[PDB]
Each structure stands twice: as structure tokens, then as C-alpha cells.
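Single-structure report; data block below.
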Number of protein chains: 12
Amino acid sequence: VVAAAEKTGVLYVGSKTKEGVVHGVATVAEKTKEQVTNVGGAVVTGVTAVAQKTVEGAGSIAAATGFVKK
Amino acid sequence: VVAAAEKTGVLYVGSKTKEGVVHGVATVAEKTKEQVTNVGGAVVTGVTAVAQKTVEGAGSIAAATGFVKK
Amino acid sequence: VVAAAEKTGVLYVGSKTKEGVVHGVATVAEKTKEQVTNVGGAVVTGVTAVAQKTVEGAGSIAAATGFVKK
Amino acid sequence: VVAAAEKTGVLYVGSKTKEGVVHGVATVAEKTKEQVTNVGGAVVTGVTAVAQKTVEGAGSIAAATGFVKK
Amino acid sequence: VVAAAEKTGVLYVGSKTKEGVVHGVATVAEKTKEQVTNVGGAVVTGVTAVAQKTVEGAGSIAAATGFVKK
Amino acid sequence: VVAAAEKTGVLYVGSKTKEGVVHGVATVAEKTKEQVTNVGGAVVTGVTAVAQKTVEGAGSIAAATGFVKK
Amino acid sequence: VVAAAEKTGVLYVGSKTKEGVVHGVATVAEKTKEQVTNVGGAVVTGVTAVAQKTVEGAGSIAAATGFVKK
Amino acid sequence: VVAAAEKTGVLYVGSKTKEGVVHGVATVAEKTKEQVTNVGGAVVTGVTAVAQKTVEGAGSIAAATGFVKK
Amino acid sequence: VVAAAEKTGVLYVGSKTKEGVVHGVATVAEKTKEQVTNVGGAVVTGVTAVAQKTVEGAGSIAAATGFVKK
Amino acid sequence: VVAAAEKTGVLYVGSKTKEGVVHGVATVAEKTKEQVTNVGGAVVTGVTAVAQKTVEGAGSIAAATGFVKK
Amino acid sequence: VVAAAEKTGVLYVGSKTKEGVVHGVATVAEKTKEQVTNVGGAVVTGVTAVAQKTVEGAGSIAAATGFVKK
Amino acid sequence: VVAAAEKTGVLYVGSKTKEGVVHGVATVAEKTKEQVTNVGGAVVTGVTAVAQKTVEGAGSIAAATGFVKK
């Protein structure tokens, strides 16, 4: 990701990179009702405007696993 | 991520990088109701405007695991 | 992440990096109701405007684990 | 992260880095109600405007674990 | 993180770094009600505008563990 | 983190670093009510505008552990 | 607009009226461009989420009149 | 607008009226550009979330008149 | 606007009125640009979250008149 | 606006009125630019969270008049 | 605006009135730029969280008049 | 505005009135720039958290008039 300029009216050199980006979000919630009953499991709810970048590893967003037995 | 300029009217050289970025979020909540009953498990709720960058490791956002038994 | 300039009207050289960044968030909550009952488990709720950068380690935001038994 | 300039009207050289940064947050809460009942577990709630950078270690924000038994 | 300048009208050389930084936060709370009942567990609530940088160690913000038994 | 300048109108050389910094926070609370009942556990609440830098050690902010038994 | 109840499990009597009401609006604008050149006239633009109730009078929203000559 | 109740488990009597009301609005604007050039006229722009109730009079929102000559 | 109750488990009598009311507004603006050039006229811009009630008079919000000549 | 109660478990009588009221507003502005050039006229800009009640008189919010000549 | 109670477990009688009221406002501004050049006119800018009640008189908020000549 | 109670467990009678009231405001400004050049006119800027009640007179907040000539 390099930018190089050599001069010997306007000169512009640009490199832009976006990875894992969230922008420009508007939400309205009125009179909403939510009930969760969980017995021995996993519940994930209500996830909004989330950004993540991972290098050399697993990347998980809003992941639910009931249980692991070994 | 380098920027180099050599001169021997306006000269601009630029490199920009965004990784795991959240911006520009507006939320309104009115008269919302939420009930959670959890017995021996995991519940995740209401996650907003979260950004994360991870190098050489696992990256988790809003992760629920009921239980682990070994 | 380097910036270099050599001159022998305006010269600008710039490198910018953003990793794990949250900005520009506005929230309004009116007359909201929330009830949590937890028995022997894990509950995570109401997480907003959180940023994290991790190097050579696991990175977790809003993570719930009911219990671990070995 | 270096900046170097050599001259032999305006010369500007700049390097900027942001890692784990939160800025520009406005919140209003009116007449909100929250009840938590916890018996032998873990509850995390109401986390806002939190930034963290970790090197060579695990990084956790808003993490709940019910209990650990060995 | 170095800045170097050599001259043999305006010359500016700059390096800026931000790691684990929170700035620009405004909050208003009116007539809010909060009740917590905890029996043998852990409860964390109401965390705002917190910044942390950790080197060669675990970094935790708003972490709840019900109990540890060995 | 070094700054070096050599001259043989305005010359400026600067290096700035911020790690674990909180600034610019305004909060208003009116007629808020909070009740905590704790029996044999741990409760943490109401944490605002906290900054920490740790080297070669664990860094914890707003951490609750119900109890440890060995 | 009256509500009357007489008792000699649940009894509910209700009258609700809404006149000139706007609610539940979410808008996002990114990279928009707007140019207005006006010479001796009237220009109205960009009107959103406006509510009005008028009794015994004229009610105008987003009204433009170039000029009036008598 | 009256509510009357006479008793000789739950009894509720209610009258609610809303006139000229705006609620629940979320807006995000990023990188918007606006230019206005006005010579001897009237320009109105950028009006959001406005509510008005008028009795025995004219009610105007976002009204532009270039000029009046008598 | 009256409420009357006569008793000779729960009895509730209520009258509520809202006139000219704005509530629950969240806005974010990033990198916006605005230029106004006005010569002998009137310009109104950027009006948000405004409420007004007028009795026996004219009610104007965001009104522009270039000029009046008599 | 009257409330009357006569008793010869819970009895509640209530009258509530709101006229010209603004509440629950959150705004964030970052890197915004505004330029105004005015020659012999009127400019109004940047009006937020304003409430007004007027009896037997004209009520104006964000009103611009270039000039009046008689 | 009267409240009357006569008794011959809990009895509550209440009348509440709000006229021209602003409450619950949070604003953040970062790196904003504003320039005003005015020659013989009127400029009004940056008005926030203003409340007014007027009886038997004109009520003006953020009003600009270039000039008056008689 | 009267409250009257006659008794011949808890009895509460209450009348509350708010006119021209501002409460619960939080503002943060960082690195803002403002320039005003005024020649023979009027400029008003930066008005926040202002409340006013006027009886039998004109009520003005943030009013600018360039000049008056008779």
C-alpha cells in the first residue's frame, strides 16, 4: 500500500484501503417487546453495527454454541 | 504503508488504511421491553457499535457458549 | 508506516492508520425496561461504543460462557 | 512509524496511528428501569465508550463466566 | 516512533500515536432506576469512558466471574 | 520516541504518544435511584473516566469475582 | 374525547387521539452534493420529520413564494 | 378530554391526546456538501424534527418569501 | 382536561395531553461542509429538534423573508 | 387541568400537560466546516433543541428578515 | 391547575404542567471550524438548549434582522 | 395552582408547574475554531442552556439586529 510522487498545478497521489468497516447506520425502535427463556443453551440477539478484522485466527461474530462435551 | 514525495503548486501524497472501524451510528429506542430468564446457560443481547482488530489470535464478538464439560 | 519528503508551493506527505476504532455515535433511550434473572449462568447485555486492538492474544468482546467444568 | 523531511513554501510530513480508540459519543437516557437478580452466576450490563490495547496477552471487554470448577 | 528534519518557509515533521484512548463523551441520565440483587455471584454494571493499555499481560475491562473452585 | 532537528523560517519536529488516556468527559445525573443487595458475592457499579497503563502485569478495570475457593 | 368506567379481573377504558404526528423515521445520507443559486426568488429544500396542528388559521409547510407586489 | 372512574382487580381509565408531535428520529450525514448563493431573495434549507401547535393564528414551517413590495 | 375518581385493588385515572412536542432525536454529522453567501437577502439553515406552542398569534419556525418595502 | 379523588389498595388520579417541550436529544459533530459571508442581509444557522410557548403574541424561532424599509 | 383529595392504602392526586421546557440534551463537537464575515447585516449561529415562556408579548428565539430604516 | 387535602395510610396531593425551564445538559467541545469579523453589524454566537419567562413584555433570546435608523 504505497503512494509515490515525483515532480521535476495540482498533483494528487492516493492509496486507500478499507477492511472490515461499518459506517452510516441509523436505527429507530419503538414499543418493541423481547422475551428470552434459556435453559442450558446459548442465545444471541440484537447485534448491530459491528466490524472486525482478524489475522491468523478464527473470526466469529454472533456465534452461539449450546454446549461442548468431551 | 508508505508515502514518498520528491520535488526538485500543490503536491499531495497520501496512504490511508482502516481495519476494524465503525463510525457514524445513530440509534433511538423508546418504550422497549426486554426480559431474560437464564438457567445454566449463556445469553448475549444488545451489542452496538463495536470494533475490533486481532493479530495472531481468535477474534470473537457477541459469542455465547452454554457450558463446556471435559 | 513511513512518510518521507525531499525538496531541493505546498508539499504534503501523509500516512494514516486506524485499527479497532469507533467514532461518531449518538444514542437516545426513553422509558426502556429491562429485567434479567440469572441462575448459575452468564448474561451480557447493553454494550455500546467499544474498541479493542489485540496483538498475539485472543480478543473477545461481549462473550458469555455459562460455566466450565474439568 | 517514522517521519522524515529534508530541504536543501510549506512542507508537511506526518505519520498518525490510532489503535483501540473511541471518540465522539453522546448518550441520553430518561426514565429507564433495570432489574438484575443473580444467583451463583455472572451478569455484565451497561458498558459504554471503552477502549483497550493489549500486547502479548488476552484482551477481554464485557466478559461473563458463570463459574469455573476444576 | 521517530521524527527527523534537516534544512541546509514552514517545515513540519510529526509522528503521533494513540493506543487505548477515549475522548469526547457526553452523557445525561434522568430519573433512571436500577436494582441489583446478588447471591454468591458477580455483577458488573454502569461502566463508561474507560481506557487501558497493557503490555505482556492480560487486559480485562468489565469482567465478571461467578466463582472459582479448585 | 525521538525527535531530531538540524539546521545549517519555522522548523518544527515533534513526536507525541498517548497510551491509556481519557479526556473530555461531561456527565449529568438527575433523580437517579440505585439499590444493591449483595450476599456473599461481588458487585461493581458506577465507574467513569478511568485510565490505566500496565507493563509486565495483568490490567483489570471493573472486575468482579464472587469468591475463590482452593 | 372522554373515557368513563363504572364497577359495582381487569377493566380498561381508553380514548387515544393523534393529530399531526410524525414518528419512527431513520435517514442516512452519504457524499451528497447540493448547490443553490437564487436571485430575487425563494428556494426551500431539505425538510424532514415535521408535524403541525393549526386551529382557525392557515397551515403551511415548505411553502415558497417568489415575491409579492401590490 | 376527561377521564372518570367510579368503584362501589385492576381498573384503568385513560384519555391521551397528541397534537403536533414528532418523536423517534435518527439521522446520519457523512461527507455532505452544501453551497448556497443568495442575492436579494430567501433560502431555507436543512429543517428536521420540528413540531408546532397554533391556535387562532397562521402556522408556518420552512416558509420562504423572496420579498414583499407595497 | 380533568381526571376524577371515586371509591366507596388498583384504580388509576389519567388524562395526558401533548401539544407541540419533540422527543427522542439522535443525529451524527461527520466531515460536512457548508458555505453560505448572502447579499441583501435572508438565509436560514440547520434547524433541528424545535417545538413551539402559540395561542392567539402567528407561529413561525424557520421562516425567511428577503426584504419588506413599504 | 384538575385532578380530584374521593375515598369513603392504590388510588391514583393524574392530569399531565406538555406544551412546547423538547426532550431526549443527542448530537455528535466531527470535522464539520461552516463559512458564512453576509452583506446587508440576515443569516440564521445551527439551531438545536429549542422550546417555546407564547400566549397572545407572535412566536418565532429561527426567523431571518433581510431588511425592512418604510 | 388544582389538585383535591378527600378521605373519610395509598391515595395520590397530582396535576403537572410543562410549558416551554427543554431537558435531556447531550452534544459532542470535535475539530469543528466556523468562520463568519458580516458587513452591515445580522448573523445568528450556534443556539442550543433554549427554553422560553412569554405571556402577552412577542416571543423570539434566534431571530436575525439585517436592518430597519424608517 | 392550588393543592387541598382533607382527612376525617399515605395521602399525597400535589401541583407542579414548570414554565421556561432547561435542565440536564452535557456538552463537550474539543479543538474547535471560530472566527468572527464584523463591520457595522451584529453577530450572536454560542448560546447554550438559557431559560426565560416574561410577563407583559417581549421576550427575546439570541436576537441580532444590524442597525436601526430613524
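The figures here come from the full heavy-atom set of this structure, side chains too, leaving out hydrogens, waters and symmetry mates. Chain naming here is simple, since letters A, B, ... match the order of the sequence lines and numbering starts at 1 in each.
Sorted by first and then second residue, the side-chain hydrogen bond (donor to acceptor under 3.5 Å, both in side chains) pairs with a member in residues 56-70 of chain A form an empty list; sequence neighbours excluded. Sorted by first and then second residue, the side-chain hydrogen bond (donor to acceptor under 3.5 Å, both in side chains) pairs involving residues 1-18 of chain H (not counting sequence neighbours) form an empty list. Sorted by first and then second residue, the pairs that involve residues 42-55 of chain A and meet salt bridge (charged side-chain N to carboxylate O under 4.0 Å, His left out), not counting sequence neighbours, are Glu19(A)-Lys53(A), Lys53(A)-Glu19(B).
Close approach to chain H, defined as a heavy atom under 4.5 Å from one of its heavy atoms, is seen in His23(A), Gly24(A), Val25(A), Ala26(A), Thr27(A), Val28(A), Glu30(A) of residues 22-36 of chain A, taken by number.
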